[PDB]
Amino acid sequence: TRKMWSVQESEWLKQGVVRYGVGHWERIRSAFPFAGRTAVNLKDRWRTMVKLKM
DNA sequence: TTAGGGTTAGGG
DNA sequence: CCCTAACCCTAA
């Protein structure tokens with residue numbers, strides 16, 4: 001069952017991009033306690049947030 | 001391991 | 001329902 005992204009998970013990805021730059025998906029995933037999210041999931045999520053103005 | 005296009009399921 | 005966010009596929 002697919003799981004929608006929480007606003008806390010989205011803020012984690014936002015700070016991880018700030019602290020490490022886009023494309024550093026495996027580095028961002030390790031800097032935050034992401035449970036059930038792969039680095040590819042983080043990259044797809046970032047594309048969604050960019051498109052949704054976030 | 002990431003980028004970018006393609007695919008699908010679940011919620012608005 | 002069915003659009004789209006959450007997925008998958010794969011070159012490099």
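Both backbone and side-chain heavy atoms feed into the values below; hydrogens, waters and symmetry mates do not. Each chain gets a letter, A, B and so on, in the order its sequence line appears, and its residues count up from 1.
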ask   = Does A:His24 reach the side chain of A:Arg29, with side-chain heavy atoms less than 4.5 Å apart?
value = no
key: Which residue lies more 5' along DNA chain C, comparing A:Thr38 with A:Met4 via nearest heavy atoms   = A:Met4
task = Would you mind reporting whether A:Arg19 and A:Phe32 have side-chain heavy atoms less than 4.5 Å apart?
result = yes
task = Determine the contact category for A:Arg29: base if any of its heavy atoms lies under 4.0 Å from a base atom, sugar-phosphate if only primed atoms, P, OP1 or OP2 are that close, otherwise nothing.
result = nothing
task = Between B:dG11, B:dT2, C:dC7, spot the one nearest the side chain of A:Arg37, thanks.
result = C:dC7
query = Does the side chain of A:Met54 reach to within under 4.5 Å of the side chain of A:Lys14, using non-hydrogen atoms?
reply = no
task = State the sugar conformation of C:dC7 as north or south, using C1'-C2'-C3'-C4' as the deciding torsion.
result = north
request  = Quickly work out the A:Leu13 CG to C:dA5 P distance and round it to whole Å.
outcome  = 15 Å
task = Check A:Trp46 against A:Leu13 and note the closest heavy-atom contact, atom names and distance.
result = N-CD2, 3.7 Å
Distance (rounded to the nearest 0.5 Å) between A:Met49 CE and A:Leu52 CG = 9.5 Å
request  = Consider the side chain of A:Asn41, meaning its heavy atoms from C-beta on, and name the nucleotide among C:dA6, B:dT1, C:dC7 that approaches it most closely.
outcome  = C:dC7
message = Let's see if you get this right: which residues in residues 44-54 of chain A place a heavy atom under 4.0 Å from DNA chain C?
response = A:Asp44, A:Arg45, A:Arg47, A:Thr48, A:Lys51, A:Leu52
